[PDB]
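Input: a single structure, listed below in structure tokens.
Since every read-out is calculated from the coordinates, none of them should be taken as a lab result. Ideal geometry is used to build each Cβ from the backbone, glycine not excepted, and the neighbour counts take in all protein chains shown.
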Amino acid sequence: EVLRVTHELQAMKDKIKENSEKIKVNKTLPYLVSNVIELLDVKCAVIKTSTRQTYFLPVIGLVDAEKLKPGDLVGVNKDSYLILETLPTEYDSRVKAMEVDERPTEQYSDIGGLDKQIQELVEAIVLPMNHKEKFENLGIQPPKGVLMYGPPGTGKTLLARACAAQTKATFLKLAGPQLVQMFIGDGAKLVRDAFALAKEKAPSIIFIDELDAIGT
Amino acid sequence: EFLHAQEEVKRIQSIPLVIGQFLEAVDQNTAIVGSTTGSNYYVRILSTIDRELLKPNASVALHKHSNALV
Amino acid sequence: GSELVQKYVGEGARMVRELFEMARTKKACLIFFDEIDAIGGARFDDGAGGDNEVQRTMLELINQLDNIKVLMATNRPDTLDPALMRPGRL
Amino acid sequence: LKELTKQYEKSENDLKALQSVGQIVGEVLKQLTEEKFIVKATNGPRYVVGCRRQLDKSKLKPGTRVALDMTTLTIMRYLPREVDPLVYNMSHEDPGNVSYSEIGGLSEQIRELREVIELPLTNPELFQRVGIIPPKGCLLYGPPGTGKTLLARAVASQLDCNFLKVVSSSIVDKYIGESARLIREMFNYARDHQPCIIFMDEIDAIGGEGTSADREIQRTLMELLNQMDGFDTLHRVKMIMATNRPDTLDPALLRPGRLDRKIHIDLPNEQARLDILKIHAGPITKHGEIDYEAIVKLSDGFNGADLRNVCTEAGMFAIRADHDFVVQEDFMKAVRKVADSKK
Amino acid sequence: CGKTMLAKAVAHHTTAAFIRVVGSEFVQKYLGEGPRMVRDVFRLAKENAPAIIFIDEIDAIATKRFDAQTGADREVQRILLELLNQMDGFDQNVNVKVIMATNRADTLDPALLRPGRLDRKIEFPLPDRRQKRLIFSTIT
Amino acid sequence: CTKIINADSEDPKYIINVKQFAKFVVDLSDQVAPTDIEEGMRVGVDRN
Amino acid sequence: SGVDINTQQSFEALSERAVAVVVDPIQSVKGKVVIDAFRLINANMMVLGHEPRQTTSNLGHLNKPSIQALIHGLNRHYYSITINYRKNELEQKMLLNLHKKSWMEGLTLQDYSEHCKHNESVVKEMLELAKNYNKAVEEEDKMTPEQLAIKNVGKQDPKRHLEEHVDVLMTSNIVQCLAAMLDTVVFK
Ligand SMILES: Nc1ncnc2c1ncn2[C@@H]1O[C@H](COP(=O)(O)OP(=O)(O)OP(=O)(O)O)[C@@H](O)[C@H]1O
Ligand SMILES: Nc1ncnc2c1ncn2[C@@H]1O[C@H](COP(=O)(O)OP(=O)(O)O)[C@@H](O)[C@H]1O
Ligand SMILES: Nc1ncnc2c1ncn2[C@@H]1O[C@H](COP(=O)(O)OP(=O)(O)O)[C@@H](O)[C@H]1O
Ligand SMILES: [Mg+2]
Ligand SMILES: [Mg+2]
Ligand SMILES: [Zn+2]
């Protein structure tokens, strides 16, 4: 009987081989890099291709359902517009270029007069990031962010690098005037990848200078 | 043959159909309607279509392939 | 200055970016923005229009500004953005 | 064999998928006849399109998203309305699950606001049995920071309805017509998403003469009063329009179907301070006994937000220390710094 | 005093195409959008004739003309002039009736009070001891 | 070439931006060498 | 295409009459079926006449070299071949069953309520058209009546919206009455 099981194994092995060869010869290249907007239930997703055209898919294609999530950047066929392979993100390379670790060391000795503001930032961050156990125990929710408003030349960028300097962290700087790209869906992808990268790394701070570029 | 010709004439109004705005009339059985695709085409006009509904703003329907006022 | 304001969106920022990149590639480069008021008007919110396009070009220029030396000339310096006139860029 | 069986069935589903082709997402804009539609692609031209036989004609109303075949150009199936955080208005903001007990010492004012707004939205049967059109709009006036916005969020949370918060001083823009245009867009927005709590901030900018800029405030005021009470749809949305100076408000802005019921919310009441400290300091871990009367007497003329800053700053003092709140001296210095440094 | 409510009743009782616009809706920014909106309103009344245009609170954009010294008053005077042209101009609109409601009746431009543009200047006074009885009876 | 995938360091499956047309995942022609195409540099692709 | 050109060349290697045909499913959406056969013409035959045909008369028949295909290369790299479809009996007869009705069809009485509604609607439209006909005929304006009959041609009142409508209503009425009488005769 073991020979019968072996024969079934070999037959289904060559069946797997032929279906795999069909899949491989239907994969080929190129793929249309498309961004899945959402996933409707009634195994079918609404894709917006990089060609600025949306195409509903009756079936998802050569991928598995729960792996796909709203916002996933995948590669689809140029004609049938069907998901072929999920494309890894890797946070591009520009996003990883903004984790700058040559912090010019704005020690609080290099910033004068902005003392109470330094202490207010260190009350809003640092201790929430460093000594967080007591912060959970108290029930004081630490504000996730601070907005540095002030007349130009006040030193907002300086104190930002300062509290990025003497308080460790990764300092993923995400300055606003950078976050405007004539390519559609690049700035938004930049922000989402920056936050995903901040999730990936150790305790860090996302810093956005001149928010008016996108904050209008 | 005449009922046949009328039948294929009606068939040209099948329902793959783009819509364009009737910009201007040139002369009988032709037009300059610009399609919604983004281009303006010098087209032909069906005889069955009455010319008095061809006001110079009408959102007329065009053949998908031949791109003619149908 | 006229070229740094293009019809298509984002082309002015790209223009200034490659201008600064070419300037950096050269050794001891000088840039002279004659009539800065064309691309240096005071910032205000005008999203429903093309004004923010040259606005974002100016913001990208400020980002580039803050061996390279930069020159700017204007007969109405009161119309320039205070951020651009601060002594970190000029 | 079994694992091979499962993955081979999945691979055959993939093989069938490879033959399957995509559909252009489109939106129906008109229905000429019972087999004719005007469907516009998301980014594309408009096509005269028919419907598949296994599809209900009625469901394809103007505005119904569809996914037509991209070769025959025929509708194959309907799609529900597209969802995305692309909304330009405050509706997507959630007021937060805050109860009426969270705001302390406004029991009478809370009750009047419930009677004015909660009743027409929850049980209109009383109002229709009496024979009166349900009241719409309540005006909360008081010192700034006293908690009118918190009250609005509490109502919007209990009623489980969408909530719009707007700074009325922001809506008056220098350019002509945008001030009234913002109110217009706000109201037409509330028409689509119902029921709606239209909480407007300090109205004295909008509500209450020989220059164009002054007649602009008149024009936006008329637009507002037309939006609340008048033509089109009398609607069911409610407004929690709150002000800081009630005498400035236009008398026409105070009418029954036009934002009646001037609720006075004065600075936290003498007994209300204790309740506010209980609700906003109780969450803070503190084993030590409290002399609340002493804090209340040391906090005279305080506003509701000040007590929350006292609690947060006492927590901060604890952060700069052991970690546990044990002593009243902390509440004293917190009150003083929320007294002198918040001036 | 029932100015808006009578127009509402007319709209509920008309076989024509009622087109309500508020006076504040014509005051749009981007000069050339308000007068263009007036042009669109009257044109829309034109194809779907017979049609009725109810312009409530016209005192916003139909105040007496004067020597405007900025684009601000120039644009509102332009809206008023476009109203005058479309209500009675070189293009006589037929089967297009206009109801217009104001609370002042004296700031209105004299050209707009002409008996060729606004023929009937109906006055809605405060209810007397007789009308108040009827209003109470109908509401109650 | 905005990104290099490097699926197995032998079939890199480069991602290319065609400016206005679209963004695609493509491979080299046999003529050009794998090491000549470095990230971010301008590349020339065929129409097909 | 050029790739199609090479593909046809490879097919011609096995046999020098390996035809290549193209079928466009979208243009052939109706009675017209756009299908043109092609065979590669040898690039070494430029010395002699392209389309090397001989005594015949069917070169211009059944088609005229299309503009849509001429610019992509016709009579230069590949030449079209006249298309002819072998359809015979016992095959067409099976195909006519696509829309053939049945014995039940032709005896149904339609629906009398909507039949009366349609008859009344057509009669009313005939009444308006007869008012128009009366106006036009009684006008009988004689300032060049031959030019009057050609300055008012827009598919209107005189005859096109005349008896053609009488044609349809009379056809419907006679068919319905004949079917009704046939049923009263056959069915008891
Ligand atoms: N409080 C301060 N102490 C020391 N140096 C300061 C201080 N404030 C500003 N500076 C200096 O002045 C300059 C201001 O640049 P910086 O970008 O830090 O300020 P900013 O207010 O954030 O600027 P901008 O708003 O134009 O982006 C820097 O060279 C900085 O070193
Ligand atoms: N009466 C109150 N009871 C409890 N908390 C209050 C009260 N008043 C204000 N607060 C606190 O102050 C914060 C902001 O108050 P806000 O609603 O902005 O006051 P206002 O509406 O008067 O401006 C709220 O988050 C709330 O926690
Ligand atoms: N004759 C009336 N009968 C009943 N209600 C009336 C009468 N006149 C005015 N009203 C009430 O006055 C309110 C204001 O409406 P109206 O006077 O038409 O608008 P406006 O104040 O702009 O003239 C309405 O809600 C209406 O119920
Ligand atoms: Mg800065
Ligand atoms: Mg009114
Ligand atoms: Zn081909």
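Summary table below
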read-out: Nearest-ten-degree value, helix G:164-186 long axis tilted from longest Cα axis of chain G; value: 80 degrees
read-out: Average beta-carbon neighbours from other chains, 10 Å sphere, peptide A:134-142; value: 6
read-out: Qualifying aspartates and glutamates (Cα of each under 13 Å from Cα of E:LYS64; at least 8 residues distant if same chain); value: E:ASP73, E:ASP106, E:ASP109
read-out: Other protein chain Cβ atoms within 10 Å, averaged over every residue that makes up A:44-50; value: 4
read-out: Between the stretch G:101-149 and the stretch F:30-45, the Cα center-to-center distance that results, in Å; value: 74 Å
read-out: Degrees, to the nearest 10: G:2-14 long Cα axis against longest axis of chain G; value: 70 degrees
read-out: 0 to 90° range, to nearest 10: angle between helix B:2-11 axis and chain B longest Cα axis; value: 40 degrees
read-out: Set D:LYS148/D:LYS333; B:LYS55/G:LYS124; E:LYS8/E:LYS132 screened for pairs whose C-alpha atoms are more than 22 Å apart; value: D:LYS148/D:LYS333; B:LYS55/G:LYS124
read-out: Cα pair distances of chain B binned at 5 Å [whole percent]; value: 4, 18, 30, 23, 15, 7, 3, 1
read-out: Semi-axis lengths, Å, the protein assembly as shown, gyration tensor of Cα atoms, sqrt of 5 times eigenvalues; value: 62, 50, 33
read-out: Pairs of Cα atoms farther than 29 Å apart, chain G, %; value: 61 percent
read-out: Taking D:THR149, E:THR14, G:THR144 and counting other C-beta atoms within 10 Å, the order from fewest to most; value: G:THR144, E:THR14, D:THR149
read-out: Positive dipole terminus of the stretch A:30-79, leading residue within A:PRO70, A:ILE47, A:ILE60 (C-beta point charges); value: A:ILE47
read-out: Distance violations [Cα-Cα > 27 Å] among A:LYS15/D:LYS16; A:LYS78/D:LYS6; B:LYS10/G:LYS100; A:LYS27/A:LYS201; value: A:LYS78/D:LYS6; A:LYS27/A:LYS201
read-out: Magnitude of the charge dipole, the stretch E:23-140, Cβ model with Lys/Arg +1 and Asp/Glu -1, debye to 20; value: 440 debye
read-out: Proportion of all alpha-carbon pairs of the stretch D:243-343 beyond 24 Å (%); value: 36 percent
read-out: Cα point-scatterer Debye curve for chain A, base-10 log of I(q)/I(0) at q = 0.13 Å⁻¹; value: -0.89
read-out: Alpha-carbon radius of gyration plus Dmax, which is the widest Cα pair, for chain C in Å; value: 12.8, 41
read-out: Beta bridge orientation in the protein assembly as shown: antiparallel %, DSSP, nearest 5; value: 65 percent
read-out: Calculated [θ] (222 nm, deg cm²/dmol) that DSSP helices of n ≥ 4 give over the protein assembly as shown, each run adding -39,500 (n - 2.57); value: -10500 deg cm²/dmol
read-out: Under 20 Å from A:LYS69, Cα to Cα: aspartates and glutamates that are on another chain or at least 8 residues apart; value: A:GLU38, A:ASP41, A:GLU85, A:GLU90, A:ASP92, A:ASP186, A:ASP193, A:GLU200, D:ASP14, D:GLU82, D:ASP84
read-out: Reachable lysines, given that their alpha-carbon falls under 30 Å from the alpha-carbon of C:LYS69 and they are not under 8 places away in the same chain; value: A:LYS96, A:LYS156, A:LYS173, C:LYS7, C:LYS26, C:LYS27
read-out: Within the protein assembly as shown: Cβ-based charge dipole about Cα centre, in debye rounded to nearest 20 (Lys, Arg +1; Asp, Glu -1); value: 1760 debye
read-out: Too-long pairs where the Cα-Cα distance tops 22 Å, listed order kept, from A:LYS189/D:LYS40; B:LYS64/F:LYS23; D:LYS297/D:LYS342; B:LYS64/D:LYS59; value: A:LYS189/D:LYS40; B:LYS64/F:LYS23; B:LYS64/D:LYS59
read-out: Residue order, fewest to most beta carbons within 10 Å, for A:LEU147, D:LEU15; value: A:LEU147, D:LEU15
read-out: Per-pair calculated FRET efficiency, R0 = 56 Å: D:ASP322 and F:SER9 via Cβ, rounded to 0.05; value: 0.50
